[PDB]
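**Q** For reference, the file work_24.pdb (PDB, C-alpha atoms) is included below:
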```
ATOM      1  CA  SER Y   2      93.662 171.368  89.160  1.00  0.00           C
ATOM      2  CA  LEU Y   3      96.574 173.470  90.377  1.00  0.00           C
ATOM      3  CA  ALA Y   4      96.861 171.024  93.291  1.00  0.00           C
ATOM      4  CA  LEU Y   5      99.006 168.816  91.040  1.00  0.00           C
ATOM      5  CA  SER Y   6     102.009 170.803  92.281  1.00  0.00           C
ATOM      6  CA  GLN Y   7     101.719 168.839  95.535  1.00  0.00           C
ATOM      7  CA  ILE Y   8     102.837 165.615  93.833  1.00  0.00           C
ATOM      8  CA  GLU Y   9     105.622 167.001  91.661  1.00  0.00           C
ATOM      9  CA  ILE Y  10     108.605 164.690  91.298  1.00  0.00           C
ATOM     10  CA  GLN Y  11     112.370 165.156  91.267  1.00  0.00           C
ATOM     11  CA  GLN Y  12     114.917 163.587  88.930  1.00  0.00           C
ATOM     12  CA  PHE Y  13     118.378 162.388  89.943  1.00  0.00           C
ATOM     13  CA  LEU Y  14     120.888 162.055  87.112  1.00  0.00           C
ATOM     14  CA  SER Y  15     123.006 158.933  86.709  1.00  0.00           C
ATOM     15  CA  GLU Y  16     126.062 160.751  85.301  1.00  0.00           C
ATOM     16  CA  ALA Y  17     128.302 161.816  88.175  1.00  0.00           C
ATOM     17  CA  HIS Y  18     130.724 164.732  88.095  1.00  0.00           C
ATOM     18  CA  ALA Y  19     134.108 164.377  89.774  1.00  0.00           C
ATOM     19  CA  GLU Y  20     135.406 167.614  91.263  1.00  0.00           C
ATOM     20  CA  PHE Y  21     138.087 169.280  89.165  1.00  0.00           C
ATOM     21  CA  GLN Y  22     141.275 167.425  90.033  1.00  0.00           C
ATOM     22  CA  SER Y  23     144.536 166.411  88.410  1.00  0.00           C
ATOM     23  CA  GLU Y  24     144.659 163.012  86.732  1.00  0.00           C
ATOM     24  CA  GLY Y  25     148.342 162.623  87.565  1.00  0.00           C
ATOM     25  CA  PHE Y  26     151.187 161.150  85.538  1.00  0.00           C
ATOM     26  CA  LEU Y  27     152.228 164.658  84.503  1.00  0.00           C
ATOM     27  CA  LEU Y  28     155.919 163.918  85.120  1.00  0.00           C
ATOM     28  CA  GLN Y  29     155.956 160.617  83.235  1.00  0.00           C
ATOM     29  CA  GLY Y  30     159.182 160.373  81.268  1.00  0.00           C
ATOM     30  CA  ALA Y  31     160.545 163.663  82.605  1.00  0.00           C
ATOM     31  CA  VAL Y  32     163.390 161.852  84.404  1.00  0.00           C
ATOM     32  CA  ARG Y  33     165.567 158.826  83.739  1.00  0.00           C
ATOM     33  CA  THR Y  34     163.091 155.975  84.145  1.00  0.00           C
ATOM     34  CA  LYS Y  35     163.711 152.257  84.633  1.00  0.00           C
ATOM     35  CA  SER Y  36     160.627 150.117  84.040  1.00  0.00           C
ATOM     36  CA  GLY Y  37     159.798 146.626  85.233  1.00  0.00           C
ATOM     37  CA  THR Y  38     162.265 146.724  88.109  1.00  0.00           C
ATOM     38  CA  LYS Y  39     162.427 144.071  90.816  1.00  0.00           C
ATOM     39  CA  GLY Y  40     163.708 144.252  94.369  1.00  0.00           C
ATOM     40  CA  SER Y  41     163.409 146.605  97.302  1.00  0.00           C
ATOM     41  CA  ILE Y  42     166.202 148.940  96.142  1.00  0.00           C
ATOM     42  CA  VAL Y  43     167.423 149.918  92.671  1.00  0.00           C
ATOM     43  CA  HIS Y  44     171.036 151.091  92.480  1.00  0.00           C
ATOM     44  CA  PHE Y  45     172.335 153.693  90.023  1.00  0.00           C
ATOM     45  CA  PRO Y  46     176.154 153.635  89.769  1.00  0.00           C
ATOM     46  CA  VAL Y  47     177.826 157.038  89.460  1.00  0.00           C
ATOM     47  CA  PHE Y  48     181.351 158.045  88.438  1.00  0.00           C
ATOM     48  CA  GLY Y  49     183.033 161.306  89.401  1.00  0.00           C
TER      49      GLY Y  49
ATOM     50  CA  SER P   2     124.065  85.994 119.939  1.00  0.00           C
ATOM     51  CA  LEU P   3     122.644  88.825 122.038  1.00  0.00           C
ATOM     52  CA  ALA P   4     126.126  90.371 122.145  1.00  0.00           C
ATOM     53  CA  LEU P   5     125.294  92.035 118.815  1.00  0.00           C
ATOM     54  CA  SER P   6     123.731  94.850 120.853  1.00  0.00           C
ATOM     55  CA  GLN P   7     127.276  95.967 121.703  1.00  0.00           C
ATOM     56  CA  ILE P   8     127.803  97.228 118.136  1.00  0.00           C
ATOM     57  CA  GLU P   9     124.365  98.741 117.586  1.00  0.00           C
ATOM     58  CA  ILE P  10     124.311 101.913 115.506  1.00  0.00           C
ATOM     59  CA  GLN P  11     122.434 105.195 115.859  1.00  0.00           C
ATOM     60  CA  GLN P  12     120.897 107.255 113.068  1.00  0.00           C
ATOM     61  CA  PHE P  13     121.061 111.043 112.845  1.00  0.00           C
ATOM     62  CA  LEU P  14     118.354 112.627 110.713  1.00  0.00           C
ATOM     63  CA  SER P  15     119.060 115.312 108.125  1.00  0.00           C
ATOM     64  CA  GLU P  16     115.662 117.053 108.293  1.00  0.00           C
ATOM     65  CA  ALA P  17     115.987 119.520 111.163  1.00  0.00           C
ATOM     66  CA  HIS P  18     113.150 120.734 113.353  1.00  0.00           C
ATOM     67  CA  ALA P  19     112.915 124.501 113.777  1.00  0.00           C
ATOM     68  CA  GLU P  20     111.702 125.775 117.137  1.00  0.00           C
ATOM     69  CA  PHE P  21     108.172 127.100 116.771  1.00  0.00           C
ATOM     70  CA  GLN P  22     108.354 130.521 115.151  1.00  0.00           C
ATOM     71  CA  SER P  23     106.540 132.690 112.638  1.00  0.00           C
ATOM     72  CA  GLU P  24     107.496 132.252 108.998  1.00  0.00           C
ATOM     73  CA  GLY P  25     106.953 135.961 108.367  1.00  0.00           C
ATOM     74  CA  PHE P  26     105.295 137.832 105.519  1.00  0.00           C
ATOM     75  CA  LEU P  27     101.955 137.436 107.297  1.00  0.00           C
ATOM     76  CA  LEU P  28     100.834 140.971 106.429  1.00  0.00           C
ATOM     77  CA  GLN P  29     101.698 140.774 102.736  1.00  0.00           C
ATOM     78  CA  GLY P  30      98.363 141.053 100.975  1.00  0.00           C
ATOM     79  CA  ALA P  31      96.879 142.945 103.918  1.00  0.00           C
ATOM     80  CA  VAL P  32      98.594 146.176 102.826  1.00  0.00           C
ATOM     81  CA  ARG P  33      99.432 147.796  99.478  1.00  0.00           C
ATOM     82  CA  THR P  34     102.813 146.354  98.505  1.00  0.00           C
ATOM     83  CA  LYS P  35     105.011 147.851  95.780  1.00  0.00           C
ATOM     84  CA  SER P  36     107.954 145.772  94.597  1.00  0.00           C
ATOM     85  CA  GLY P  37     111.194 146.905  93.002  1.00  0.00           C
ATOM     86  CA  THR P  38     111.287 150.413  94.440  1.00  0.00           C
ATOM     87  CA  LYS P  39     114.386 152.604  94.563  1.00  0.00           C
ATOM     88  CA  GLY P  40     115.813 155.412  96.653  1.00  0.00           C
ATOM     89  CA  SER P  41     115.922 156.227 100.340  1.00  0.00           C
ATOM     90  CA  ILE P  42     112.377 157.654 100.359  1.00  0.00           C
ATOM     91  CA  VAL P  43     109.424 156.424  98.287  1.00  0.00           C
ATOM     92  CA  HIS P  44     106.576 158.849  97.602  1.00  0.00           C
ATOM     93  CA  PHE P  45     102.976 157.691  97.196  1.00  0.00           C
ATOM     94  CA  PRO P  46     100.876 160.235  95.268  1.00  0.00           C
ATOM     95  CA  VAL P  47      97.322 160.772  96.481  1.00  0.00           C
ATOM     96  CA  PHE P  48      94.356 162.136  94.538  1.00  0.00           C
ATOM     97  CA  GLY P  49      91.244 163.660  96.045  1.00  0.00           C
TER      98      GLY P  49
END
```
Can you give me the file's structure in the form of structure tokens?

**A**
Amino acid sequence: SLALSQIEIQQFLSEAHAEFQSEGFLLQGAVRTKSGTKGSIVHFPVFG
Amino acid sequence: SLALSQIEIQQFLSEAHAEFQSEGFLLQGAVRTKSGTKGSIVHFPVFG
């Protein structure tokens, strides 16, 4: 019977799509970097 | 000596009485139950 269209189902996919966005870390290593630092402030001495 | 009644002990039971109430699930078996469903809406197909 064509009445089967009354009990048609819908499928929801488990693979989600994240909206196109930047993943970041684009400027990693572009500047003088100090890793594993401790303390509230890191001081860079400068001479004229 | 009858003075032993001055150090009589009292026992507190560990099996607690629950004030008279329904245990629930009375209507299970009176309706058509379907376990392990998913989603916000569940559809029951019907045939003529």

**Q** Return as a short mmCIF file (atom, residue, chain, number, x, y, z; two decimals) with C-alpha atoms, in the coordinates of the input the set of residues that the ChimeraX specification (/P :<12) & /Y yields on the displayed structure.

**A**
```cif
data_model
loop_
_atom_site.label_atom_id
_atom_site.label_comp_id
_atom_site.auth_asym_id
_atom_site.auth_seq_id
_atom_site.Cartn_x
_atom_site.Cartn_y
_atom_site.Cartn_z
CA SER Y 2 93.66 171.37 89.16
CA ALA Y 4 96.86 171.02 93.29
CA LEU Y 5 99.01 168.82 91.04
CA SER Y 6 102.01 170.80 92.28
CA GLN Y 7 101.72 168.84 95.54
CA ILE Y 8 102.84 165.62 93.83
CA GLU Y 9 105.62 167.00 91.66
CA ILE Y 10 108.60 164.69 91.30
CA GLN Y 11 112.37 165.16 91.27
CA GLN Y 12 114.92 163.59 88.93
CA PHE Y 13 118.38 162.39 89.94
#
```

**Q** Using all C-alpha atoms matched in sequence order, least-squares fit chain P onto chain Y and give the RMSD rounded to one decimal in Å.

**A** 2.4 Å

**Q** One number please: atom CA of residue P:14 to atom CA of residue P:26, in Å, one decimal.

**A** 28.9 Å

**Q** Record the distance separating atom CA of residue P:42 and atom CA of residue Y:15, expressed in Å with one decimal.

**A** 17.3 Å
